[PDB]
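Ideal geometry is used to build each Cβ from the backbone, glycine not excepted, and the neighbour counts take in all protein chains shown. What follows draws every value from the coordinates through simple rules; no lab data is involved.
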Amino acid sequence: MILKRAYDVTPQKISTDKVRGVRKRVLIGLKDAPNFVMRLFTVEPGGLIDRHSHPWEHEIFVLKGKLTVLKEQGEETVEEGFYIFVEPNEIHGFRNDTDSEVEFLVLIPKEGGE
Amino acid sequence: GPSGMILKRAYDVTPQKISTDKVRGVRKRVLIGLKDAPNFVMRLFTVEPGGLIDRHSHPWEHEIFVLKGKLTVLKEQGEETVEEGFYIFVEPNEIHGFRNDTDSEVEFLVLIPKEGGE
Ligand SMILES: [Fe+3]
Ligand SMILES: [Fe+3]
């Protein structure tokens, strides 16, 4: 059994053509998990995960702040205490328009989970 | 399967009592359930003050994230308390349980492969 403070997992900064101002923690990876993985994303003020899609779903829980969710068209803001279910293949992305860090949990099946 | 995205306040789901021979003082909200999940389900558990999920095991894993309060985790040997911001991975077949020794509600997300139900 693994019991750990998520913050203590070292985050990985991401800065690419599609993702900026984001870091990622792998909490439960496929080293441990047989079916699905658990990650925690932190999005700095102005950070962006641009629209994309996958062959797999996302299950998300918003832990902190106000998260802007990019949809195929348009966008919707949600806050801490929301969950999000992204069907396979659905276009999605994220932005933080606020002045503080936004955090959300993201779980994906193992095929996405490397 | 279907397209789209569901975005919902978790508290818009009513917390239902869990009532079994091994659980007392616990409620659950099904967030992403069997009707929708391709692979795994997401529930939000609320442990009332003094609530208890006795030690048990099952042939599927748990992935847990603690949202609120101080959660006592029962292990095969002994126990450990964690708090908001901790995650827990429980291997298939590993003995585990939970207790709330505090005065206030403890909440945690619990995800399992959908073969284990909701
Ligand atoms: Fe994605
Ligand atoms: Fe269990």
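Extent of the stretch A:1-54 along its three principal axes (Cα atoms, max minus min coordinate, largest first): 37, 26, 12 Å. Centre-to-centre, using Cα atoms only, the stretch B:17-42 and the stretch A:1-23 are separated by 28 Å. Using only alpha carbons, the protein assembly as shown has a radius of gyration to Kirkwood radius ratio (Rg to Rh) of 0.95.
In this calculation the C-beta distance from A:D50 to B:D21 is compared with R0 = 41 Å, giving a FRET efficiency of 0.25. Pairwise Cα distances in chain B exceed 25 Å in 19 percent of cases. Name the residues of the stretch A:78-107 whose amide N is less than 17 Å from a point 7 angstrom out from the Cα of A:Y7 along the C-beta direction? Taking a point 7 Å out along Cα→Cβ of A:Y7, the residues of the stretch A:78-107 whose backbone N falls under 17 Å are A:100-105.
Residue pairs exceeding 30 angstrom between C-alpha atoms, taken from A:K24/B:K17; A:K24/B:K68; A:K18/B:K28; A:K13/B:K17: A:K24/B:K17; A:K18/B:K28; A:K13/B:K17.
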